[PDB]
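Here, each number is a calculation from the coordinates, and none is a lab measurement. Positions of Cβ are backbone-derived with ideal geometry, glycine not excepted, and every protein chain shown enters the neighbour counts.
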C-alpha cells in the first residue's frame, strides 16, 4: 500500500493515513496506507483555505498514486474561479500537491451543472467535439477528435478511469471520424429488425433488410402522429403491434425452446451465476458440457464467440474455476 | 492564468482620543485576459495585507464582458458617482488609449485596442467602477439578435 | 400534488391587510375581502407544484436543503418537517452571515459538537458547579442556534423559507452565494430576491404546516429516487 | 516482460486471473520445478542488490 | 547622431540581450547582464506604467540603433500607413539597409553593418547606397561590392550568422555575397519579446 516511483530511505519525512490497527505478538501494532485518494483529498484542504471555509467543495476524487490525477472543485454561487482559487497567478497550490507525498500529475477538473457538460468540461486537459451520454446501461462515448484522443485516453486508460471515477458514472472514449457512417449504420445497418415487428412483404423486406426497412422498434410509445404527416394511412397497424406482443410470447416460448430447455444434463453450467441460458448455450456450443469444461477453456478460446467479450469470458472462467476449486466448501 | 493589477494604494486616517490611526486602502483589479474582470477594494493597517485583501475580493464577484476579438463591440458610456467614462472600439494595432485606473481594468479584461476618455472625476475607485459598468452593459451582436427576435445577418 | 381545496381549508388564500401590502405582489393577489388581501390560488398552485418538483429534483442529486422559519409560532413545526426528511433547519433566529460567513460559523458548530460530546460520551462528570452550569448554558445556546445545521458540513444546495420579509437576511445571503431559494411569500413580502416564489399565508399555522409537509414529502421522494 | 515480474507476484494471484490457461498452469509448474521462478518471493520493484545499476 | 558608448551597459539596463555584441562570446561572461548599470544596480524596484513603456521603447531603439527624432518619424509613418501600427513600425525598422545587411550576415553586429554601409561597401540593385536608414524594398538585391569583398570581417560576420538562425524573409548567398530582400517581414517572423503595443501607446500620449 505504498506510492509509485517515490522511493527513498531513513530520514525522509512523509505523512500517511492510518486506520488499520492489527494486533500482533507481544503487544498490538499499526500499519499505514499513504497511497489512497483521501490523503490527497485533504492535501488541497490544508493548502486551499477556501475548501476549509466551505467555498470550494470536492464532488469526487480520482488520482493515480504514481501516475496522473484528477479531482472535483465547484463553488456554491460565490462567482469565484474554481481552479483560479487554487492557482490564480503562478499556481503554487497545485505543483506543491503534485509533488507532495508522491509526484502525481494532478489535473483539477472543474464541474458545471448540466449532466451533458458534467463530463464535457471533465475532458481537461483536452477539447470536446460533442458527447454521447447513454442514460441506461453502463456505457458512454467520448466525442472529441484523434488529436486529443491520445491525451484523452492517456496510457492504460488512466484518464478515462479518472474521468469516469471523478464523474461517478461511466465514461468510455470513442472516435467521431465515422459520424456520417455510424449514423447510417444505426439507421442503416441496425435497421434489421422491422419485418419481424410490423408485418411486411419480401420486396419491402428485401430492399429493406440489407439496407433496413422501417417500422418502429418499440416506437409506439413515441408520438406516431408525426407519421400521419407522411403519405398513407396506418389505422390498423396498432393492432399489428398487439400481434407483435403475441409474437413476443412465441419468442418467450422460443427463449425456452433453446435446445429443448438446455436438454436435461450438466446443470452445473446452467446454474452458474452470471450466465444466462443463451450464454450457456453459446459457451457449450464449443464442445463444453459442464462447468469444469468451461473452466478448462480459456479467454482466447471463448473469444471465438462474439456474444461473449474477453472480460465476460474471463469472469466466467474465473467463476467456474472458483466453483471447481472451492467446491468442497458450501 | 489570472492577471492582477494593483491600481492604487492610499493611506486613510481615523482620529481617536490619542491621535491619528492610519490605515491603507488597496484598489486592485483582476482578469483572465478574456471577458472576465473583477475589481477589489481591500483595507488594512499595513499595505501588503490590504493588497492581499483587495485581491481576494477581486477574485470573487468577477463579471463577464462580451469582446469582439481584441476590442469592444460598440462605443459605450459608463458612469459611477463623479467618474463618467467613454470608451470606443478601435482597430487592431492602436493599443489601449486610456488613462490611469481605467487602463488597468481594460488590460486585465483582455481588451487590446480601445479609445477611452474619462470625463468628470478621475478618482481611481470610482473610475474603475464606471469602466466595469460600461463593460457590463455593452451587449454583443448575438445577444442583440436574441433580444430582438432576429438573425445576426438581419442586424449586420 | 397539493390540491386547491385543501389549501383553501388551511387558509392559504388569506393574506395581510391592504395597507401593509407590497405592490410587487399585485400579480399574485386576486382581490380584497373585508379590507384584507386575498391571494390568487389559481396562480399560486402551479407555482407551488413547480417549486415542489424543483425540490424533488434537488433531492435526487443528493442536495442539502435548509428549512428556515423563525416566526416562533411555526418553529416547532419547521423543525419537525426537517427531521421527517432528515434535512437541516434554522427554527430560531438566523445568525447574520450563517452562510456567507460559514467558515467562522463552522468553528462555532465544531465547538457545539465538542460540548455535546463532553456532555454525553465522556461520562466524566466531576466539574466545578458554576463552571459546569456555564458550560451547560453555552451548550443550550448553541443547540438553540445551530442544532439543525450541525451535520450540514458545508453550504446547502437549496434554501426553503417560510417568510421572505422576516428572513430577508437569509434570502440575501442565498442570493450573494447563488443558492436556490424557495420562499413562501405573503402580500406584504418582497418576491424579488426569491427564485421560486410561493404566494401564500406565512402567518397562519395550519397553512404553514401544510406548506412544510408537502415539501418534506417531495424531499423524501427525491431521496428515494 | 521479465520473469522477475512473475516472481514478484504470487501464484495464487496468477491463478485468480483467467488469462492463464490449464496447459499454461502445467507449463508454469514445469518452469517452477527448476525453482528459479515463481518461488513466492518479494522484490523492491525490479532490482536485487546483485542486480545493481552498474 | 550615434551612440558611441558602452554597448553592454544598455543591454544591462534593458534586462535582455540586445545583440549589441557579435555573439562569439556569451553575454553573461562579458558583463553582469542581470544587474543594472551603475552604483545602484542590485536594487530593482518595480517600475511605473509610463516607465515600462519608455523602457520598451528604448529597447527597440537600442536594438536597431535609431535616435529619437528618427524613431518618432518612423512611428508617424507607420501610423499613416494602413494596417497595424506597431507591426508597420517594426517592418519599417527592419527595412533599414544596415539592419538588412546584419540579417544577411555581412556584419557581425548591427553597428558593424551600419559602418560597412557608411564606408561604401554595400550596393542595392548594383548602385552604391551609403545611407543606413535606406529602406530596402521587396525584390531589391543587396550585395557587397568587389572592393569590400576581400575583407576578413565580412566572412567572420557571415560565419557568425550561419551559427545564428536564418530569417525566412531574406535569401542570402555566402559565396556570391549578395542577398535578396524577398518581402517585408511578418510580425511572426520577428522576436516575440518586443511589445510594439507599449511603444505605440507611449507615442499616443
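Applying the condition of being in contact (Cβ under 8 Å) with a residue 24 or more places away in the chain and surrounded by 13 or more Cβ atoms within 10 Å (Cβ to Cβ) to the range C:119-146 and asking which residue is nearest to the other protein chains (Cβ to nearest Cβ) yields C:146. In this structure, does residue C:10 turn out to be touching a residue at least 60 places away in the same chain (Cβ under 8 Å), within 13 Å of the chain's Cα centre (by Cα), farther than 23 Å from residue C:172 by Cα and surrounded by 14 or more Cβ atoms within 10 Å (Cβ to Cβ)? Taking the combined requirement at face value, the residue does not satisfy it. The residues of the range E:138-168 that are in contact with a helix residue (DSSP H, G or I) (Cβ under 7 Å, 6 or more places away or on another chain), assigned to a loop (DSSP other than H, G, I, E, B) and in contact (Cβ under 8 Å) with a residue 24 or more places away in the chain amount to a single one, E:167. In the range E:49-66, the condition of being within 14 Å of chain B (Cβ to nearest Cβ), crowded, with 20+ Cβ neighbours inside 10 Å and free of Cβ contacts under 8 Å to residues at least 40 places away in the same chain is met by no residue. Here is the figure for the range B:50-69: residues that are surrounded by fewer than 18 Cβ atoms within 10 Å (Cβ to Cβ) and farther than 16 Å from residue A:49 by Cα total 6. Filtering the range E:77-113 to residues that are closer than 25 Å to residue E:197 by Cβ and either more than 14 Å from chain B (Cβ to nearest Cβ) or in contact with a strand residue (DSSP E or B) (Cβ under 9 Å, 6 or more places away or on another chain) (or both) leaves E:92, E:93, E:94, E:95, E:96, E:99, E:100, E:102, E:103, E:110.
Counting only helices (runs of 4 or more DSSP H) that sit completely within the range E:85-137, those holding 1 or more residues that are surrounded by fewer than 22 Cβ atoms within 10 Å (Cβ to Cβ), under 12 Å from the mean Cα position of the chain (by Cα) and touching a residue at least 12 places away in the same chain (Cβ under 8 Å) correspond to E:85-95, E:110-118. Touching a residue at least 60 places away in the same chain (Cβ under 8 Å), within 18 Å of the chain's Cα centre (by Cα), away from chain C (no Cβ under 14 Å) and more than 20 Å from residue A:56 (Cβ to Cβ) - does that describe any residue in the range A:109-118? Checked the range A:109-118: no residue is touching a residue at least 60 places away in the same chain (Cβ under 8 Å), within 18 Å of the chain's Cα centre (by Cα), away from chain C (no Cβ under 14 Å) and more than 20 Å from residue A:56 (Cβ to Cβ). Once the range C:60-113 is narrowed to residues that are touching a residue at least 40 places away in the same chain (Cβ under 8 Å), in a helix (DSSP H, G or I) and surrounded by fewer than 18 Cβ atoms within 10 Å (Cβ to Cβ), the residue that is farthest from the other protein chains (Cβ to nearest Cβ) is C:80.
Answer yes or no as to whether residue A:62 is in contact (Cβ under 8 Å) with a residue 60 or more places away in the chain and outside any helix (DSSP H, G or I). For residue A:62, the condition - in contact (Cβ under 8 Å) with a residue 60 or more places away in the chain and outside any helix (DSSP H, G or I) - is met. Restricting to the range A:80-102, and then to whatever is exposed (fewer than 15 other Cβ atoms within 10 Å of the Cβ), out of contact with any strand residue (DSSP E or B) (no Cβ under 8 Å at 6 or more places or on another chain) and not in a helix (DSSP H, G or I), can you tell me which residue is farthest from the other protein chains (Cβ to nearest Cβ)? Applying the filter and picking the extreme gives A:99. In summary, residue D:44 fulfils each of the numbered conditions (1) within 12 Å of another protein chain (Cβ to nearest Cβ); (2) assigned to a helix (DSSP H, G or I); (3) loosely packed, with under 13 Cβ neighbours inside 10 Å with the single exception of condition (2).
Take residue A:96 and tell me if it is within 21 Å of residue A:13 (Cβ to Cβ) and free of Cβ contacts under 8 Å to residues at least 12 places away in the same chain. So residue A:96 does not fit the description; no. Residue count for the range A:308-330 satisfying the condition of being in a loop (DSSP other than H, G, I, E, B) and either surrounded by 13 or more Cβ atoms within 10 Å (Cβ to Cβ) or within 14 Å of chain D (Cβ to nearest Cβ) (or both): 3. Filtering the range A:66-79 to residues that are over 22 Å from the mean Cα position of the chain (by Cα) and either at the interface with chain C (Cβ under 9 Å from one of its Cβ atoms) or under 28 Å from residue A:4 (Cα atoms) (or both) leaves A:66, A:73, A:75, A:76, A:77, A:78, A:79. Reported count of residues in the range B:109-135, each being under 13 Å from residue B:71 (Cα atoms) and part of a helix (DSSP H, G or I), is 2. With the requirement that a residue be surrounded by 18 or more Cβ atoms within 10 Å (Cβ to Cβ) and away from chain E (no Cβ under 14 Å), what does the range B:79-118 give you? Listed by number, the residues that qualify are B:80, B:83, B:84, B:85, B:87, B:89, B:109, B:118.
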